[PDB]
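Undergrad: turn this into a model:
(4 chains, ligands or ions: 3)
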Amino acid sequence: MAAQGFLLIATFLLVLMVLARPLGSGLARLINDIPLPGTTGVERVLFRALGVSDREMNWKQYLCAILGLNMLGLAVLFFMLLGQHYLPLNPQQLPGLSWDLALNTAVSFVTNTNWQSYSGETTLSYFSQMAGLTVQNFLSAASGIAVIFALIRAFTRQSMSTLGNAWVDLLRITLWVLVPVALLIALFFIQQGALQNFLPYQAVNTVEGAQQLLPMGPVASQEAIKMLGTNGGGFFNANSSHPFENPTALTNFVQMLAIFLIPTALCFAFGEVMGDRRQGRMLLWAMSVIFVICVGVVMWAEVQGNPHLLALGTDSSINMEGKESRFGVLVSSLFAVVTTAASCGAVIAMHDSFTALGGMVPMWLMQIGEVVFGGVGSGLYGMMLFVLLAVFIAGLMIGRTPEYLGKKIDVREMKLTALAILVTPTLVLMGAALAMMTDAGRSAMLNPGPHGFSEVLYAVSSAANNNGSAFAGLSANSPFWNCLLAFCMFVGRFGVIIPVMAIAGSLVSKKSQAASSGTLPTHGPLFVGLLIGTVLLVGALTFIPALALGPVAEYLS
Amino acid sequence: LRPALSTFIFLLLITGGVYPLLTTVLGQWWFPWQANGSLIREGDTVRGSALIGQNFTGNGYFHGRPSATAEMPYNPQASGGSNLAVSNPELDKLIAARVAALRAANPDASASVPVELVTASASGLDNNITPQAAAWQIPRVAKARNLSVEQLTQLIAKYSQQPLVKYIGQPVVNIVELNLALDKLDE
Amino acid sequence: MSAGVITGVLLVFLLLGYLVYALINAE
Amino acid sequence: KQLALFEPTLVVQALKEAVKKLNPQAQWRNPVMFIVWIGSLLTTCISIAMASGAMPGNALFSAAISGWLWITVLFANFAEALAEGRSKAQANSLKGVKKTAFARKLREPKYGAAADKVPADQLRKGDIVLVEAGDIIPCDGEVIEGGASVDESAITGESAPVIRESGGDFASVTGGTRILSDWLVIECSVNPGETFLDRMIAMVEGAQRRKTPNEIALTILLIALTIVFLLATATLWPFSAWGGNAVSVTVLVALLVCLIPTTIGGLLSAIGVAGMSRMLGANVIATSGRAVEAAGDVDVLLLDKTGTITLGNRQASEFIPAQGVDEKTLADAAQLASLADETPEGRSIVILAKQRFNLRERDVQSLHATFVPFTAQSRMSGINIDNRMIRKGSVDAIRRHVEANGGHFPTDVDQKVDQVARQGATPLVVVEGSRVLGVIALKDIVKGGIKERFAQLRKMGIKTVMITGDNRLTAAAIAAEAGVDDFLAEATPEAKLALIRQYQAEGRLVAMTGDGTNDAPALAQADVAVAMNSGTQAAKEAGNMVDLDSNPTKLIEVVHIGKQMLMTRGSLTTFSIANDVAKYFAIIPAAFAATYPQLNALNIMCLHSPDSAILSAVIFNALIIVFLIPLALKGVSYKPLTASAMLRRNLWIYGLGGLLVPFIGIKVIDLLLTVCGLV
Ligand SMILES: [K+]
Ligand SMILES: [K+]
Ligand SMILES: [K+]
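TA: Residues are numbered from 1 along each chain as shown, chains lettered A, B, ... in the order given. Ligands and ions are numbered 1, 2, ... in the order given. I have put the structure below:
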């Protein structure tokens, strides 16, 4: 079965690099403030009739523009759901939400995560969804790029103090990267079979006597950057397996491409600005090697599947439970690594029903900094907290200050990347500690045994690492879980943005040097063989005792 | 400051007031059937959509995958799935019962059971089974309708979508389009 | 959660507070 | 100077008394090891309460946990103080020379004045003091009267003596060296407290040595790794207490120490000290650790011509080519003119010219040797020992005094100016009557086997640049003998600052190396300022690093330590972080076998009991600190290689050696607890 298992990975990456190459040069022009062909003159109006002076800004002023956007980013959304009942486009009669369920998801869509602890078709109206949860689905994917635009700029400026301008950046990612790309991704889905309408819920008299009430609403608009921005907020309860969100296999293969479309081409754009193409080409060569290994494990651990199905008289031991038969196991096992390594969180297949050896890698790949081909935004600076770590303990075993692209890494840029790494394995080790010390957390489990610990551990791991995936057995509609996550999400994003801007503001005032006879070559199969060795070890030694009580204790039993 | 609030109020209109409108206008200007749920209708009545799938407890129909949504199976108001793990003994309560309701309900078929017909699905709204499992439950339904296998296998291969490339997905037999057209062949 | 459980938590936050204070300083 | 004693069995006996004086709360400046101290603290406090009354009762086990965690703290302070104790006797090998002196001075500034008996500590800067031959030098200063050879063996271990001159380029005399040949009158330039010897004392003797800004950045990782391993172990107790029964704290502290990089926090305070002691053992005095750590990255170095490359003697002697003058009559009266050349530059033509002949068939003043010193109206020194006059003709005043009688040379001497251009020397012309002797040139005499050293320095990838204030003409023949990469002459000391900022503006680190007072503006602004020991006592103070044997290529022995104080820091990180892979394959199947019995398949090493496995981890974390003390003291030896060819090499020993060695160490120690069969 691996003959058509290997072909799926190689087809997924072949089409990926062909699409991400000319978008890399597209995103390269926006970093150097070069306007796109066509937007010149149009931005002369929109930056002035609105009024943004194109004023260059330091990192302290830059940080309270992305945070400042994301303080009234949730202040609108927290009020659109408590006052949901006084709003149009409600063909049902949904009331205003509770304060805990609102605060859980007012944080959750600002925070690039989209944790859904609710049934979306029995919670949200259309105006609660359309102009409340796509307006934040753009302004969180763009909020991550406006950080990572101000880190690639921090490697190409020379002795300056100005990163760029945030509002001049944020009006380009939305209006000329997110919208005109997620318009074609949207309109492709309606052709294939997805849903896009404003109708009320159409009742059905079936071919038998039973009735059912089909939920309708604007989906394929919200579906397009549910996958493009690596965000993962499904309109329904099932985030990518409901047939109105993902009708055939071809929509699924577009959505797998749409996840790795920005954070792959944004690293090709990283190769263009530094001048050396291989400088960014090695960075995919370190991400995707971890990815291919972490797909062949999960595909192998699901072809083997549940061993009890053979004894119960089925055909094969293939774990088709909780997987849509539109999709294979090989396609479902591919998606559940893409959607968890890349902070997307679109569930194509309920991650509880995996084997514990194959359900540990999507819980590995969140916990390991959310680094390997990671989220829009956090995929690159999440790796730049490990590139600037692997430059340290490689350059220092040469007898050399740890230089990366000419910039040295001094004490002030290690006092921050220590505090920048330590946010995400604190909260998944404090929240998982706190939710097992209480009775409001342990009683929300669904499966018994060691796996019931893994539902607590997968949940808080998809809160600090900003994934949005869920085992979904965890009935997290309690006011404890709706507020424990909302703490662990808001710190897991905006406790990493602050020590990345403070890294980036400290790397503009320095001066890039030149290469010489003794500077360490960052490109090549040695440093990649160390960068993979640094990611897969610091993310290994710090989660094995948390995983050995979870699914490893489940698998060996 | 002042242009910070002035950007968000412009990124509230183009973002979620123009873009989902512009898809909605272009969704129905080109694709009227799919954008309204891809329904199938019989005059005034609506026999479901072609994508969601129904409950088929009756004898002379093709049984879908067991759903396990909130109140009734194949309920599109929950859209969830049974999140039972492998290490849960309550899972083997269902599967051994779901063969006990299906081993002695297809007495001319194989002693093995296709895995789709016995385990749950992800969204609980799976309108689709594999053509092996679609061909598995032939000899009851043809016996239950006095039809021949050689037209019923031909009927299954009619409503059998395949992926564009043979590993992007899985070969797929639709159910609601089949069983609604199974009654048309009955007449 | 007995009396010794909250003792063990405050022994961690003493150490977790100490090591953070050592990290932000070139002592 | 044996320069290497790992266990001299008297320092280590004098060490353990000081190691136990590091156990109380003064380790809190080392936060990596201070958690191990609290780890060893409460495991006693658990086991003491477990001895009388507690919910468990296995006090014979947990007292063996604390019976090695204190040993782990006792081994961290062992290696920390051993290198500190190494530098005690390393400094006392030369500290016991300074206090063996007491002085005497001349009240008039000439030789042969009124005397006194004053101890050397009472002296100050600016004292006319006298040292006759055979004594030792009591205080540092400059030689102003007399010229002698001194034995610099007490402070730097030399078989050979070294000569001095009054008011030239041998003003360096260091208090503590023996004088051999003649008398010297020196004037002190330093004070007790400002002493050149005090530079080594107050740095070593005391905890005043601050951390280098790369040792600081390494602890920030070594803190941030203990912050996770505090979280990822002390939160295992709520992870495990839910399913079944919990895990005892006696294991969760043993797991906390066996994951914390204890094998660096025990050695990082030892690397930063023992590296500085290896600098002093290579006869290099470092002012701080920062100039050592910055020296690993230096790609551009500079050298003076006078004194740095050569011996600074500014003297030579080649030949006398002259028509009618015999080759036997080379040292006939030119040697007498060199006996009239009473400058120590004139002593070379006495010595260097006779090395082929040794025609010593004369006396000092038997032929009425009218020793005329360096004059003023003629600016020369001569002698009337022949019937004719014998005067040293200078550059311009050949016509003014020596050929002022009307007699001159046929035009060979005009092309001897051209032969100066073919030589690049500082020539001297001697003409005796109409019989023109010609020119005895004085080029420079570059001392060591520097050709192999610059070739060893090019493989380390460092550009070599000669910098002199003298002209372009002299720099040609010197550079061809030296083998430098580039050269640049005709430089003021302001222009010497105008090359360092032509490289520091390019981001590189600049290694100025010189001896003179012209070097002192460049030394106080450059990065690695290696001052020669022959240089002036205002240039040594204005620099930041001082050699002890005037070796210009001893920066090669500086970069060989500034890299070893980084290769040892880097390797032990990726040794200790790679150790924790096999630590979980020793603890985790053993720590949870009470709670989760199905984790016993993860015990790869076939460990015997779920208690001796934890004991094997704590013992191995305690032994391997001691077995890496010879690594932390002797550095990491290395072939001088490229970056990406050594980083491959430096991970086979450590990045893979850190995996396999704990898979060996836990097996052997558990077999030692099986052959002995104790626990
Ligand atoms: K979700
Ligand atoms: K992240
Ligand atoms: K870390």
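
Undergrad: is chain A contacted by stretch B:3-23?
TA: Yes: using CB under 8 Å from any CB of the partner chain, stretch B:3-23 reaches chain A at B:3-8, B:10-12, B:14-17, B:19-20, B:22-23. From N, CA and C alone the C-beta is placed, and that goes for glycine too.

Undergrad: what's the ChimeraX line that selects buried ones from those?
TA: Restricted to buried positions by 16 or more other CB atoms under 10 Å in any protein chain shown, the ChimeraX selection for the residues of stretch B:3-23 next to chain A reads:
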select /B:4,7,8,11,12,14,15,16,19,20,22,23
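
Undergrad: and chain B, what are its domains?
TA: Chain B resolves into domains spanning B:1-36, B:38-186 when parsed by automatic domain parsing.

Undergrad: residue A:208: which of those domains is closest?
TA: domain B:38-186 (5.9 Å; CB to CB).

Undergrad: how distant is that closest one from the center of its chain?
TA: 7 Å (CA atoms, centre = their mean, to the nearest Å).

Undergrad: start to end distance for that domain?
TA: 25 Å (CA to CA, to the nearest Å).

Undergrad: please name the nearest non-neighbouring residue to whichever residue of chain C sits closest to ligand 3.
TA: Ligand 3 sits closest to residue C:23 of chain C, with a gap of 11.6 Å, by CB to the ion. For residue C:23, ignoring the flanking residues on the chain, the nearest one in space by CB to CB, 6 or more residues apart in numbering or on different chains is residue D:223 at 4.5 Å.

Undergrad: any idea how far the helix or strand residue D:201 falls within is from the middle of the chain?
TA: Assigned by DSSP states H and E, residue D:201 falls within helix D:198-204. Between the centre of helix D:198-204 and the centre of its chain there are 14 Å (CA atoms, centre = their mean).

Undergrad: just checking, what packs against it?
TA: Helix D:198-204 is packed against helix D:59-98, with contacts defined by 3 or more CB pairs under 8 Å, 6 or more residues apart in numbering or on different chains; DSSP states H and E.

Undergrad: hmm, the helix it packs on in reach of chain C?
TA: No: Helix D:59-98 is not in contact with chain C by CB under 8 Å from any CB; minimum separation 15.3 Å.

Undergrad: would you list the phi and psi of the residue of chain C closest to ligand 3?
TA: phi -80, psi -30 (degrees, to the nearest 10).

Undergrad: surely it and residue D:220 touch.
TA: Yes: with contact defined as CB atoms under 8 Å, residue C:23 reaches residue D:220; the gap is 5.9 Å.

Undergrad: quickly list what's touching both of the two.
TA: A:415, A:418 (CB atoms under 8 Å, 6 or more residues apart in numbering or on different chains).

Undergrad: point out the residues in chain C that sit beside chain A.
TA: C:1, C:5, C:23-24, C:26.

Undergrad: and the residue of chain A nearest chain B?
TA: Residue nearest to chain B within chain A: residue A:249 (2.6 Å; CB to the nearest CB).

Undergrad: wait, that residue touches residue B:166, no?
TA: No: proximity of residue A:249 to residue B:166 does not meet the contact threshold set by CB under 8 Å, at 10.3 Å.

Undergrad: who has more neighbours, those two?
TA: Set residue A:249 next to residue B:166 and count neighbours by other CB atoms under 10 Å in any protein chain shown: residue A:249 wins out with 25 against 11.

Undergrad: hang on, the earlier thing: neighbour-wise, which one of the residues of chain C next to chain A leads?
TA: residue C:23 (22 neighbours).

Undergrad: list the contacts of residue 26.
TA: Because you didn't say which chain, this covers chain A. Counted by CB under 8 Å, 6+ apart, residue A:26 has contacts A:36, A:177, A:265, A:269.

Undergrad: I was after chain C.
TA: Residue C:26 touches A:411, D:211, D:216, counting by CB under 8 Å, 6+ apart.

Undergrad: please consider this matter closed, and thank you.
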